[PDB]
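The structure under discussion appears below in the form of C-alpha cells.
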Amino acid sequence: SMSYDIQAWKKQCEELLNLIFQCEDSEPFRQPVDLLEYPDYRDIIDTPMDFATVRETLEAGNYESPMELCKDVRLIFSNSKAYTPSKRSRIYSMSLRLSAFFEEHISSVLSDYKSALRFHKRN
Ligand SMILES: N#Cc1nc(Cc2ccccc2)oc1N
C-alpha cells in the first residue's frame, strides 16, 4: 500500500493544480484561448492547451502517468513562448515564473512515481 503507491501521483497533481490556479501568474493560462478574440491564435499554435483542460483530463482519468500530465503542462508554456516570444512582454515573464514554479513542484512527483515503478518491476 502506501510506500511506492503507483496511484499517489494523482492526488499530488490535483494539489499542484490547485496551487497553480491560486497563482496570479496563471490567469492567462486557466482557460482555452478564445479563437475569435484572438483569430490568429490557430495560425500560430497547432495544439492549444490550458490548465482547466489539464485539470479535467486528470479528473476524467485520462492521464496514464504524471509524465503525461507534465507533457500537457509543458505544452501550455511552449505555446506561450511561440505566441508571445518577446522577453519584453509581461506575459512572457508570467509564463517563465509559473513554468519554474511548476517544474520545481512536479520534480518530486515524477521521481517518486518512477521510483515506485522501478520497485514494482524489480519485485
Ligand atoms: N497583452 C497580451 C497578450 N495576450 C495574449 C493572448 C494569450 C495570452 C496567454 C496565453 C495565450 C494567449 O498574448 C499576449 N502577449
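Residue numbering restarts at 1 in every chain; chains get A, B, ... in the order shown in the C-alpha cells, and ligands count up from 1 in that same order.
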Using only C-alpha atoms and all ligand atoms, which residues of the polymer chains come no farther than 10 Å from ligand 1? I'd like the answer as JSON, numbers by chain. {"A": [26, 27, 28, 29, 30, 31, 32, 33, 34, 35, 37, 38, 41, 45, 48, 49, 50, 76, 77, 79, 80, 81, 82, 83, 84, 85, 86, 88, 89, 90, 91, 92, 94, 95]}
Can you list, as a PyMOL selection string, all residues belonging to chain A that DSSP tags as helix (DSSP H, G or I)? chain A and resi 8-22+24-29+41-44+51-59+66-83+90-122
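Note that atom CA of residue A:102 and atom CA of residue A:16 are 7.9 Å apart.
Picture a line from atom CA of residue A:108 to atom CA of residue A:47; it runs 27.2 Å.
Atom CA of residue A:111 is found 20.3 Å from atom CA of residue A:54.
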